[PDB]
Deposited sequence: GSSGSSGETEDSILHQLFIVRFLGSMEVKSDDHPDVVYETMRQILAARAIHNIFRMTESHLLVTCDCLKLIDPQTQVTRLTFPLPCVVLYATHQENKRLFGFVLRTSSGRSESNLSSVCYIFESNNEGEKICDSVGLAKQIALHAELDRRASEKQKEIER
């Protein structure tokens, strides 16, 4: 977690869905995924949301099960290449995870109106890493 990380910011999120995406450095990719995921959920009658905790640290983003406090998923910060909220709905937050063996997945979440706050927290973690450089 953040034994050794100044940053340790926890957010309540609800996972909406993910898609494979093109590996580019364009933030419009997040918006397009949000559009596709939100449409697909509505059209296929997907209303179920499960609450997770999103942890932002200096080294990674983690998704934690609030029942068990078990880390279900971890995303190393260098691989989180794009992150954004939606100008027309700041409840939304998405990011792109780029893997190197080239392969990218965009992950979309809803929050309790914390899209901008999450983005600032990830942005701060990215800034620390650029300074450490």
item: Stretches with no C-alpha atoms in the model, relative to the deposited sequence starting at 1; value: 1-7, 109-114, 147-160
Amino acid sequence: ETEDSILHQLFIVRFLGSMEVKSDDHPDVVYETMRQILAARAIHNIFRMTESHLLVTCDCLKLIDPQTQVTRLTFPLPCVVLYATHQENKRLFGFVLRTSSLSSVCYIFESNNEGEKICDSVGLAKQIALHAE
From here on, numbers count along this sequence of modelled residues.
{"item": "Which of 15-23 and 118-126 has higher mean CA B factor, as the PDB entry lists it", "value": "15-23"}
{"item": "Average Cα temperature factor in the PDB entry - higher stretch of 43-51, 102-110", "value": "43-51"}
{"item": "Residue of maximum C-alpha B factor among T74, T33, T85, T68, per deposited coordinates", "value": "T68"}
